$ cat protein_20.pdb   # PDB, C-alpha atoms
ATOM      1  CA  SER A   1      33.838  89.565 130.825  1.00  0.00           C
ATOM      2  CA  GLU A   2      30.355  88.077 130.661  1.00  0.00           C
ATOM      3  CA  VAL A   3      28.599  90.284 133.224  1.00  0.00           C
ATOM      4  CA  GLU A   4      30.627  93.274 131.903  1.00  0.00           C
ATOM      5  CA  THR A   5      28.645  92.965 128.705  1.00  0.00           C
ATOM      6  CA  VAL A   6      25.481  93.160 130.769  1.00  0.00           C
ATOM      7  CA  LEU A   7      26.555  96.402 132.481  1.00  0.00           C
ATOM      8  CA  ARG A   8      27.527  97.741 129.073  1.00  0.00           C
ATOM      9  CA  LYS A   9      24.074  96.710 127.804  1.00  0.00           C
ATOM     10  CA  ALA A  10      22.467  98.672 130.622  1.00  0.00           C
ATOM     11  CA  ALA A  11      24.739 101.688 129.957  1.00  0.00           C
ATOM     12  CA  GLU A  12      23.752 101.600 126.270  1.00  0.00           C
ATOM     13  CA  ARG A  13      20.133 102.180 127.164  1.00  0.00           C
ATOM     14  CA  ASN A  14      21.026 104.356 130.184  1.00  0.00           C
ATOM     15  CA  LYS A  15      19.188 101.878 132.389  1.00  0.00           C
ATOM     16  CA  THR A  16      18.992 101.808 136.111  1.00  0.00           C
ATOM     17  CA  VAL A  17      19.566  98.248 137.287  1.00  0.00           C
ATOM     18  CA  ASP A  18      20.275  96.294 140.420  1.00  0.00           C
ATOM     19  CA  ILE A  19      23.829  95.109 140.751  1.00  0.00           C
ATOM     20  CA  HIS A  20      24.617  92.134 142.910  1.00  0.00           C
ATOM     21  CA  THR A  21      28.042  92.074 144.514  1.00  0.00           C
ATOM     22  CA  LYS A  22      30.275  89.569 146.416  1.00  0.00           C
ATOM     23  CA  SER A  23      29.289  91.087 149.747  1.00  0.00           C
ATOM     24  CA  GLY A  24      25.697  90.209 148.915  1.00  0.00           C
ATOM     25  CA  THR A  25      25.075  93.858 148.493  1.00  0.00           C
ATOM     26  CA  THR A  26      22.528  94.811 145.916  1.00  0.00           C
ATOM     27  CA  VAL A  27      22.853  98.325 144.643  1.00  0.00           C
ATOM     28  CA  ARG A  28      20.359  99.782 142.285  1.00  0.00           C
ATOM     29  CA  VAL A  29      22.137 102.301 140.197  1.00  0.00           C
ATOM     30  CA  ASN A  30      22.520 103.820 136.768  1.00  0.00           C
ATOM     31  CA  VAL A  31      25.512 102.676 134.706  1.00  0.00           C
ATOM     32  CA  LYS A  32      28.022 105.436 133.975  1.00  0.00           C
ATOM     33  CA  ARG A  33      31.013 103.550 132.533  1.00  0.00           C
ATOM     34  CA  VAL A  34      32.156 100.007 131.758  1.00  0.00           C
ATOM     35  CA  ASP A  35      35.806  99.102 131.499  1.00  0.00           C
ATOM     36  CA  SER A  36      37.442  95.761 131.541  1.00  0.00           C
ATOM     37  CA  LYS A  37      38.127  95.797 135.276  1.00  0.00           C
ATOM     38  CA  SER A  38      35.436  97.931 136.796  1.00  0.00           C
ATOM     39  CA  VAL A  39      32.204  99.751 136.249  1.00  0.00           C
ATOM     40  CA  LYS A  40      31.298 103.237 137.246  1.00  0.00           C
ATOM     41  CA  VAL A  41      27.810 103.721 138.470  1.00  0.00           C
ATOM     42  CA  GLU A  42      25.539 106.450 139.695  1.00  0.00           C
ATOM     43  CA  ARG A  43      23.538 106.343 142.912  1.00  0.00           C
ATOM     44  CA  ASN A  44      21.385 109.400 143.782  1.00  0.00           C
ATOM     45  CA  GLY A  45      23.747 111.621 141.781  1.00  0.00           C
ATOM     46  CA  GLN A  46      26.770 110.108 143.498  1.00  0.00           C
ATOM     47  CA  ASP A  47      29.312 108.477 141.303  1.00  0.00           C
ATOM     48  CA  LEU A  48      30.612 105.170 142.474  1.00  0.00           C
ATOM     49  CA  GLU A  49      32.858 102.461 141.106  1.00  0.00           C
ATOM     50  CA  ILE A  50      32.454  98.784 141.387  1.00  0.00           C
ATOM     51  CA  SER A  51      34.890  96.232 140.269  1.00  0.00           C
ATOM     52  CA  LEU A  52      33.787  93.645 137.692  1.00  0.00           C
ATOM     53  CA  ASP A  53      35.447  90.980 139.783  1.00  0.00           C
ATOM     54  CA  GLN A  54      33.055  91.835 142.611  1.00  0.00           C
ATOM     55  CA  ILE A  55      30.002  91.878 140.436  1.00  0.00           C
ATOM     56  CA  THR A  56      28.105  88.624 140.190  1.00  0.00           C
ATOM     57  CA  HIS A  57      25.061  89.522 137.995  1.00  0.00           C
ATOM     58  CA  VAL A  58      22.544  92.247 137.047  1.00  0.00           C
ATOM     59  CA  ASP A  59      18.766  92.297 137.649  1.00  0.00           C
ATOM     60  CA  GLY A  60      16.118  94.946 137.834  1.00  0.00           C
ATOM     61  CA  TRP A  61      15.873  96.067 134.270  1.00  0.00           C
TER      62      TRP A  61
END

$ encode --input "protein_20.pdb" --output "structure tokens"
Amino acid sequence: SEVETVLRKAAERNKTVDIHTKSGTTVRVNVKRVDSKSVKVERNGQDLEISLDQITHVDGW
């Protein structure tokens, strides 16, 4: 996946980024894991998963 690579890129540098989803929701989180289906993120110490299919693009580097 194209955007997957971008989450991976952020995870590589342990970056906190803004993730834009299908619901128009923008979550600014730290990338925990990137698999070819979904991405695990971290918000305020909470671990959360987001599906790659629901991710549109990353901003906020």

$ resolve_selection --input "protein_20.pdb" --expression "the PyMOL selection byres ((chain A and resi 10) around 12)" --output "PyMOL selection string"
chain A and resi 3-9+11-19+28-34+39-41+58-61

$ atom_distance --input "protein_20.pdb" --atom1 "atom CA of residue A:53" --atom2 "atom CA of residue A:1"
9.2 Å

$ resolve_selection --input "protein_20.pdb" --expression "the PyMOL selection byres ((chain A and resi 56) around 7)" --output "ChimeraX atom specification"
/A:20-22,54-55,57

$ atom_distance --input "protein_20.pdb" --atom1 "atom CA of residue A:24" --atom2 "atom CA of residue A:36"
21.7 Å

$ axis_aligned_box --input "protein_20.pdb" --around "stretch 3-20 of chain A" --padding-each-side "4 Å" --output "AutoDock Vina command-line options"
--center_x 24.8 --center_y 97.3 --center_z 134.6 --size_x 19.6 --size_y 22.1 --size_z 24.6
